[PDB]
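Asks: Provided hereafter are the protein sequence and its experimental coordinates.
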Amino acid sequence: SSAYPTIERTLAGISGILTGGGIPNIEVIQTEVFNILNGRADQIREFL
Amino acid sequence: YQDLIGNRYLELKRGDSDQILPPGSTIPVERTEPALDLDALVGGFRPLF
């Protein structure tokens, strides 16, 4: 015997990940990654 | 939650210990948890999007 997760439990898990997971940091990380890779892909390849 | 309209209910889980809680006691905030809090969920999507 078992039970499917409810919409409440599913959204609660997603909210737990979204709040206790440090999601805002991503919008910084990606941003800075952009600054690394903006107009320098060829130069990074030839540097490799 | 009882439904997506706004009705709630209290849910009790037995646990593991066999020590009977005496009547009229209080369950501490260490082992009580709230409901979904939908606004927190909706606002948590803001940094991702």
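Replies: Here it is on my side, so go on. Numbering: from 1, shown residues only, chains lettered A, B, ... in the order given.
Asks: Burial check on the spatially closest residue to residue B:4 that is not a sequence neighbour, number of neighbours?
Replies: With CB to CB, 6 or more residues apart in numbering or on different chains as the criterion, residue B:4 has its nearest non-adjacent residue at 7.5 Å, and that residue is residue A:7. Where you see a C-beta, it was placed from the backbone N, CA and C, and this is true even at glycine. Residue A:7: 10 surrounding residues under other CB atoms under 10 Å in any protein chain shown.
Asks: just the one 10 residues further on next, same as before
Replies: By the measure other CB under 10 Å, the count of residues near residue A:17 is 12.
Asks: Which of the helices or strands spans residue A:33?
Replies: Using DSSP states H and E, residue A:33 sits within helix A:24-37.
Asks: Can you name every helix or strand that that helix contacts?
Replies: helix B:38-48 (3 or more CB pairs under 8 Å, 6 or more residues apart in numbering or on different chains; DSSP states H and E).
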